[PDB]
Amino acid sequence: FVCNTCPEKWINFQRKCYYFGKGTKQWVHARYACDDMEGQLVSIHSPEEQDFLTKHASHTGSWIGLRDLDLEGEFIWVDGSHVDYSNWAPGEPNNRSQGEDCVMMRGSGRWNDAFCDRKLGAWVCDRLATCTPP
């Protein structure tokens, strides 16, 4: 009936749980780290979800679950969903023809693209919250 239960060290917002990771990681690094924890690198689909992430975001930048796929020819989230909501910094993205294929979130919450082998100090995972029983 009510789904706001999250594992130790994760934070609940709406029906989801979020892990604000800290550590030195390239994008595909953070992708597998989230998978190891039974989550996914975060997908963002509304301004309310973004505003929650901004309140907890590392000041020095974080990987999120968006990257440019060559065959589909667009940015696609790790869970296969398309970009509806977006929060690009003004002028972004600007490195698609330039090999900057992975997306990070600044301390402001705004997104920019980057080289996938860039090292950042933070990354965010999500998973679904579990629910109250009968």
# chains A, B, ... in the order shown; residues from 1 in each chain; ligands from 1
call {"tool": "select_by_dssp", "arguments": {"residues": "segment 1-131 of chain A", "states": "strand (DSSP E or B)", "output": "MDAnalysis selection string"}}
result
chainID A and resid 3:5 11:13 16:25 40:41 62:69 74:77 82 88 102:105 111:114 120:128 130:131
call {"tool": "residues_around", "arguments": {"residues": "residue 95 of chain A", "least_positions_apart": "2", "cutoff": "9 Å", "atoms": "only C-alpha atoms", "output": "list in words"}}
result
residues 92, 93, 97, 98, 99, 100, 101, 112, 113, 114 and 115 of chain A
call {"tool": "atom_distance", "arguments": {"atom1": "atom CA of residue 23 of chain A", "atom2": "atom CA of residue 122 of chain A"}}
result
5.7 Å
call {"tool": "closest_residue", "arguments": {"among": "A:59, A:39, A:8, A:1", "to": "residue 126 of chain A", "atoms": "only C-alpha atoms"}}
result
A:39
call {"tool": "residues_around", "arguments": {"residues": "residue 127 of chain A", "least_positions_apart": "2", "cutoff": "7 Å", "atoms": "only C-alpha atoms", "output": "mmCIF file with N, CA and C atoms, in the first residue's frame"}}
result
data_model
loop_
_atom_site.group_PDB
_atom_site.id
_atom_site.type_symbol
_atom_site.label_atom_id
_atom_site.label_comp_id
_atom_site.auth_asym_id
_atom_site.auth_seq_id
_atom_site.Cartn_x
_atom_site.Cartn_y
_atom_site.Cartn_z
ATOM 1 N N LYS A 16 11.080 5.707 -4.749
ATOM 2 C CA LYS A 16 12.427 5.247 -5.064
ATOM 3 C C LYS A 16 13.382 5.454 -3.889
ATOM 4 N N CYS A 17 14.520 4.789 -3.973
ATOM 5 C CA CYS A 17 15.591 4.893 -2.998
ATOM 6 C C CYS A 17 16.862 5.294 -3.718
ATOM 7 N N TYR A 18 17.689 6.133 -3.078
ATOM 8 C CA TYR A 18 18.843 6.737 -3.742
ATOM 9 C C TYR A 18 20.085 6.544 -2.881
ATOM 10 N N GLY A 39 21.292 -1.837 -7.548
ATOM 11 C CA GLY A 39 20.665 -0.610 -8.054
ATOM 12 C C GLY A 39 21.098 -0.347 -9.476
ATOM 13 N N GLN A 40 20.826 0.872 -9.951
ATOM 14 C CA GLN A 40 21.271 1.316 -11.264
ATOM 15 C C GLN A 40 21.748 2.741 -11.113
ATOM 16 N N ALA A 129 11.775 1.544 -3.911
ATOM 17 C CA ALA A 129 11.494 1.261 -2.501
ATOM 18 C C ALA A 129 10.565 0.046 -2.335
#
call {"tool": "closest_residue", "arguments": {"among": "A:22, A:15, A:82, A:106", "to": "residue 61 of chain A", "atoms": "only C-alpha atoms"}}
result
A:106
call {"tool": "select_by_dssp", "arguments": {"residues": "chain A", "states": "helix (DSSP H, G or I)", "output": "PyMOL selection string"}}
result
chain A and resi 27-36+47-56
call {"tool": "residues_around", "arguments": {"residues": "residue 27 of chain A", "least_positions_apart": "5", "cutoff": "7 Å", "atoms": "only C-alpha atoms", "output": "JSON, numbers by chain"}}
result
{"A": [63, 102, 116, 117]}
call {"tool": "write_last_selection", "arguments": {"atoms": "C-alpha atoms", "output": "compact mmCIF listing (two decimals), in the first residue's frame"}}
result
# COMPACT_ATOMS: atom_id res chain seq x y z
CA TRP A 63 27.95 10.56 -12.47
CA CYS A 102 28.73 10.37 -20.60
CA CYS A 116 33.56 8.66 -20.03
CA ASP A 117 37.06 8.11 -18.60
call {"tool": "closest_residue", "arguments": {"among": "A:76, A:69, A:11, A:30", "to": "residue 121 of chain A", "atoms": "only C-alpha atoms"}}
result
A:30
call {"tool": "residues_around", "arguments": {"residues": "residue 130 of chain A", "least_positions_apart": "2", "cutoff": "9 Å", "atoms": "only C-alpha atoms", "output": "PyMOL selection string"}}
result
chain A and resi 2-6+15-16+128+132
call {"tool": "write_last_selection", "arguments": {"atoms": "N, CA and C atoms", "output": "mmCIF file, in the first residue's frame"}}
result
data_model
loop_
_atom_site.group_PDB
_atom_site.id
_atom_site.type_symbol
_atom_site.label_atom_id
_atom_site.label_comp_id
_atom_site.auth_asym_id
_atom_site.auth_seq_id
_atom_site.Cartn_x
_atom_site.Cartn_y
_atom_site.Cartn_z
ATOM 1 N N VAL A 2 1.879 1.306 0.861
ATOM 2 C CA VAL A 2 2.790 2.448 0.982
ATOM 3 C C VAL A 2 4.219 1.952 0.765
ATOM 4 N N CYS A 3 4.939 2.570 -0.172
ATOM 5 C CA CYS A 3 6.270 2.111 -0.583
ATOM 6 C C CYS A 3 7.292 3.219 -0.334
ATOM 7 N N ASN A 4 7.889 3.216 0.855
ATOM 8 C CA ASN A 4 8.931 4.184 1.164
ATOM 9 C C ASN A 4 10.049 3.539 1.972
ATOM 10 N N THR A 5 10.185 2.226 1.902
ATOM 11 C CA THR A 5 11.188 1.524 2.687
ATOM 12 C C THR A 5 12.450 1.360 1.850
ATOM 13 N N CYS A 6 13.591 1.747 2.403
ATOM 14 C CA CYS A 6 14.857 1.710 1.690
ATOM 15 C C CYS A 6 15.897 0.971 2.521
ATOM 16 N N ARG A 15 8.579 6.935 -4.637
ATOM 17 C CA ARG A 15 8.615 5.472 -4.626
ATOM 18 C C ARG A 15 10.021 4.890 -4.819
ATOM 19 N N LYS A 16 11.080 5.707 -4.749
ATOM 20 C CA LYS A 16 12.427 5.247 -5.064
ATOM 21 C C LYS A 16 13.382 5.454 -3.889
ATOM 22 N N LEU A 128 13.950 0.759 -6.640
ATOM 23 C CA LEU A 128 12.596 0.958 -6.130
ATOM 24 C C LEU A 128 12.533 0.704 -4.629
ATOM 25 N N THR A 132 4.697 -1.592 2.454
ATOM 26 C CA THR A 132 4.141 -2.057 3.716
ATOM 27 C C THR A 132 3.265 -3.297 3.508
#
call {"tool": "atom_distance", "arguments": {"atom1": "atom CA of residue 68 of chain A", "atom2": "atom CA of residue 83 of chain A"}}
result
10.9 Å
call {"tool": "residues_around", "arguments": {"residues": "residue 31 of chain A", "least_positions_apart": "5", "cutoff": "9 Å", "atoms": "only C-alpha atoms", "output": "PyMOL selection string"}}
result
chain A and resi 26+36+40-41+63-65+78+123+125
call {"tool": "closest_residue", "arguments": {"among": "A:50, A:80, A:56, A:111", "to": "residue 94 of chain A", "atoms": "only C-alpha atoms"}}
result
A:111
call {"tool": "atom_distance", "arguments": {"atom1": "atom CA of residue 96 of chain A", "atom2": "atom CA of residue 81 of chain A"}}
result
19.0 Å
call {"tool": "closest_residue", "arguments": {"among": "A:75, A:46, A:119, A:134", "to": "residue 103 of chain A", "atoms": "only C-alpha atoms"}}
result
A:75
